[PDB]
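Asks: The structure that follows is given in the form of structure tokens.
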Amino acid sequence: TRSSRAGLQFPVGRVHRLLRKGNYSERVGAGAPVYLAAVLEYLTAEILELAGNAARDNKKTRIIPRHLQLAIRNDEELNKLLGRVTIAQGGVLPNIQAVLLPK
Amino acid sequence: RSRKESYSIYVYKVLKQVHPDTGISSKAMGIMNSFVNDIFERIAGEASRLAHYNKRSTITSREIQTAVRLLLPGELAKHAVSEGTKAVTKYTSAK
Amino acid sequence: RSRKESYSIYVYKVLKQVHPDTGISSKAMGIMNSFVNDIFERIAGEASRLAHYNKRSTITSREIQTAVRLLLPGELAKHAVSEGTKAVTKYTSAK
Amino acid sequence: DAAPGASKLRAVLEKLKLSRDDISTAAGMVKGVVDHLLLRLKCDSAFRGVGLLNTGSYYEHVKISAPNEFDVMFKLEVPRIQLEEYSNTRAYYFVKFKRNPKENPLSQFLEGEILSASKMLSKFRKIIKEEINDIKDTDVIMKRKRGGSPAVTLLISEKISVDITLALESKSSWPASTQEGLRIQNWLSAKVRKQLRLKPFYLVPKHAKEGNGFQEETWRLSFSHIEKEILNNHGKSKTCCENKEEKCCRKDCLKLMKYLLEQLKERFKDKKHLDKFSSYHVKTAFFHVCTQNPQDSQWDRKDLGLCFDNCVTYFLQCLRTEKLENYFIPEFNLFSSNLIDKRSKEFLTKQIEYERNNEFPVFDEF
Ligand SMILES: [Zn+2]
């Protein structure tokens with residue numbers, strides 16, 4: 001293949017087809033789909049890893065959208081990347097304002 | 001009997017890399033899928049804007065690298081750039 | 001019928017390692033022999049001077065290493081130090 | 001009451017437990033010193049997250065025959081460590097911090113991209129020493145460095161010794177290599193295996209001594225909390241050891257094996273023929289025996305005399321075959337020739353065979 005050549009799991013062939021048939025530029029350097037597939041795979045590994053751990057805290061062996069929301073919103077620099085993204089069936093971060101707590 | 005593309009099995013393989021026992025439910029599958037699509041469209045859109053800004057006709061790894069350095073915030077940017085450089089370099093190492 | 005020591009058969013074995021067909025004449029044997037004696041006396045003398053300079057009573061591999069780094073010139077020094085470290089390390093690896 | 005051969009082992013066990021009826025004092029002083037240590041450690045930025053691993057257990061006697069020696073493990077939260085397997089050893093790893101927004105106080109201990117076991121150990125021991133010097137009316141002495149796994153050994157007064165081992169905690173998946181291990185599916189359950197996999201794993205600083213060299217900054221896996229869980233919940237039936245009808249002898253077999261090894265090590269401590277062996281080899285061998293004998297009826301207490309013997313044979317078999325797989329890491333050979341020479345193995349084989357052929361006289365000699 002061509003994703004194996006780069007030690008990637010994301011399909012460099014598909015990312016090439018999408019950079020080409022997507023009208024992002026006339027030409028696409030043959031080293032671009034590799035870089036992009038790697039960045040996508042890194043961000044997906046980041047998200048899925050933080051997600052997995054949260055699921056494991058909820059003592060569950062199956063990620064569900066809530067866990068993705070917990071991972072994306074707890075991590076500071078994933079939040080800033082998806083700051084304007086609502087995740088379906090995601091719920092919110094458990095957060096009660098300190099002034100509302102009893103006294 | 002057509003062929004609709006999606007990053008299902010790819011995200012699945014990355015999952016089995018990072019959590020060999022944790023599954024992923026079809027709805028979180030769809031979320032990871034739309035996340036891949038969103039980030040890839042952002043990065044390619046910024047790479048395209050870079051290319052047209054400098055009057056080039058090729059999206060090379062230089063443009064993808066600057067797109068990553070523009071979109072992803074600080075530490076995520078540095079680590080993603082490293083990962084991409086390593087992948088591209090390895091790709092050059094083969095033939 | 002005494003036993004006079006000399007490094008004849010040792011230099012011979014190193015020769016058969018590095019040139020399995022080349023012999024060595026008794027006079028060049030004597031020269032290699034006096035070379036071994038000279039270098040060994042230099043290295044041990046410098047190791048002794050190191051030990052006494054730092055008020056120690058043991059010539060350990062540290063002193064032999066610094067003796068080699070003092071006597072043998074640059075590249076010869078580095079390669080000899082590597083060879084000695086490797087031998088000593090291997091000696092530690094056994095029991 | 002039981003099959004022939006039991007009474008002697010039962011008397012040994014009774015004497016050993018009689019040796020445990022005066023611990024409250026020792027255990028209390030240990031609790032005090034550990035609590036002080038934790039109080040100080042939680043104040044340092046680097047160690048804000050240190051905690052007791054075996055919660056509510058401020059002791060774990062590794063030597064069944066040394067009631068005044070304690071074993072405690074201090075866990076350290078340390079999130080998201082990327083492990084890199086060191087030269088295919090499956091048990092020793094390099095630890096590299098992954099991306100994390102909130103700065104992790106273990107930054108100071110980096111050596112480039114690797115977290116250095118040496119520097120962490122240095123700071124740990126310095127903190128312990130300076131805190132135990134705050135103990136004005138009790139001589140608590142830090143023992144001199146010997147390795148990395150027994151990180152700190154403290155001496156209280158003139159009778160108590162406590163081994164404090166620092167461990168990193170990872171909530172992440174068990175390292176890829178260490179998968180085929182913990183084969184309790186036919187003994188406890190497949191679901192219990194899954195649940196146990198969900199529990200964190202630990203890292204203890206342990207130099208991997210290769211023949212060419214030992215790499216000072218490597219870490220070894222730890223599942224000792226899992227070992228405790230399976231030890232204290234050990235039967236197929238959930239009601240094991242809770243009633244007279246389901247009274248097993250597994251724990252007793254483990255205790256008797258450890259006592260055997262400890263006495264044989266004590267007699268030959270001065271000749272360095274048994275130094276390399278530890279209670280962990282016998283504990284792993286016992287776990288293999290529970291794997292080979294999954295049913296509780298194969299561990300009826302009345303068959304103690306036989307059951308121990310079978311365990312002994314398995315241990316002896318390992319000693320003859322130079323093969324004892326770590327129970328969680330099937331590719332980690334604890335009994336390989338590179339860790340223990342053949343001579344010591346045949347020595348231990350012969351001594352245990354003599355003891356077993358003579359109704360275990362060493363149990364009574366000292
Ligand atoms: Zn039981």
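Labels for the structure tokens follow display order: chains A, B, ..., residues from 1 in each chain, ligands from 1.
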Would you mind listing, as JSON, numbers by chain, all residues of chain B that have at least one atom within 6 Å of chain A, where only C-alpha atoms are what counts?
Replies: {"B": [10, 22, 23, 24, 25, 28, 48, 57, 58, 59, 60, 61, 73, 80, 84, 87, 88, 90, 91]}
Asks: Using only C-alpha atoms and all ligand atoms, find each residue with an atom at most 6 Å away from ligand 1 and format the answer as a VMD selection string.
Replies: chain D and resid 235 240 to 241 247 to 248
Asks: What does the file look like for those residues with N, CA, C and O atoms, as a PDB file, in the first residue's frame?
Replies:
```pdb
ATOM      1  N   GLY D 235     -11.066 -18.448  44.731  1.00  0.00           N
ATOM      2  CA  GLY D 235     -11.805 -19.626  44.342  1.00  0.00           C
ATOM      3  C   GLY D 235     -12.727 -19.395  43.160  1.00  0.00           C
ATOM      4  O   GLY D 235     -13.062 -18.265  42.817  1.00  0.00           O
ATOM      5  N   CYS D 240     -15.919 -19.064  48.437  1.00  0.00           N
ATOM      6  CA  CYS D 240     -14.755 -19.828  48.852  1.00  0.00           C
ATOM      7  C   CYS D 240     -14.201 -19.307  50.177  1.00  0.00           C
ATOM      8  O   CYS D 240     -14.175 -18.083  50.405  1.00  0.00           O
ATOM      9  N   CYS D 241     -13.746 -20.230  51.022  1.00  0.00           N
ATOM     10  CA  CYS D 241     -13.174 -19.926  52.339  1.00  0.00           C
ATOM     11  C   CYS D 241     -14.087 -19.146  53.289  1.00  0.00           C
ATOM     12  O   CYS D 241     -13.633 -18.652  54.320  1.00  0.00           O
ATOM     13  N   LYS D 247     -14.076 -24.593  52.407  1.00  0.00           N
ATOM     14  CA  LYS D 247     -12.777 -24.197  52.933  1.00  0.00           C
ATOM     15  C   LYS D 247     -11.679 -24.812  52.075  1.00  0.00           C
ATOM     16  O   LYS D 247     -11.554 -26.040  52.000  1.00  0.00           O
ATOM     17  N   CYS D 248     -10.895 -23.957  51.428  1.00  0.00           N
ATOM     18  CA  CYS D 248      -9.800 -24.408  50.582  1.00  0.00           C
ATOM     19  C   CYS D 248      -8.477 -24.229  51.316  1.00  0.00           C
ATOM     20  O   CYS D 248      -8.449 -23.773  52.459  1.00  0.00           O
TER      21      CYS D 248
END
```
Asks: Rounded to one decimal place, report the atom CA of residue D:326-atom CA of residue D:284 distance in Å.
Replies: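 Computing the Euclidean distance for atom CA of residue D:326 and atom CA of residue D:284 yields 6.4 Å.
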Asks: At a cut-off of 8 Å, list the chain D residues touching chain B, using only C-alpha atoms, as JSON, numbers by chain.
Replies: {"D": [99, 100, 101, 172, 173, 176]}
Asks: Include N, CA, C and O atoms and write out the residues we just selected as a compact mmCIF listing (two decimals), in the first residue's frame.
Replies:
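Resulting contents of out_20.txt:
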```txt
# COMPACT_ATOMS: atom_id res chain seq x y z
N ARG D 99 1.57 14.44 25.34
CA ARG D 99 1.10 15.81 25.39
C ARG D 99 0.13 15.97 26.55
O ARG D 99 -0.73 15.12 26.77
N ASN D 100 0.29 17.05 27.30
CA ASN D 100 -0.71 17.34 28.33
C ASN D 100 -0.74 18.82 28.66
O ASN D 100 0.30 19.44 28.91
N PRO D 101 -1.90 19.43 28.62
CA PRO D 101 -2.01 20.87 28.86
C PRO D 101 -1.56 21.30 30.25
O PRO D 101 -0.63 22.11 30.39
N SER D 172 -4.00 3.86 31.83
CA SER D 172 -4.15 3.52 30.42
C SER D 172 -4.15 2.00 30.25
O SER D 172 -4.02 1.24 31.20
N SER D 173 -4.31 1.57 29.00
CA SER D 173 -4.37 0.15 28.70
C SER D 173 -3.07 -0.53 29.10
O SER D 173 -2.00 0.08 29.09
N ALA D 176 0.96 -3.34 25.30
CA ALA D 176 0.59 -4.28 24.24
C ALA D 176 1.18 -5.67 24.43
O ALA D 176 0.50 -6.68 24.23
```
Asks: Using only C-alpha atoms, which residues sit within 7 Å of residue D:300 once same-chain residues fewer than 2 positions away are excluded, as JSON, numbers by chain?
Replies: {"D": [247, 248, 249, 296, 297, 298, 302, 303]}
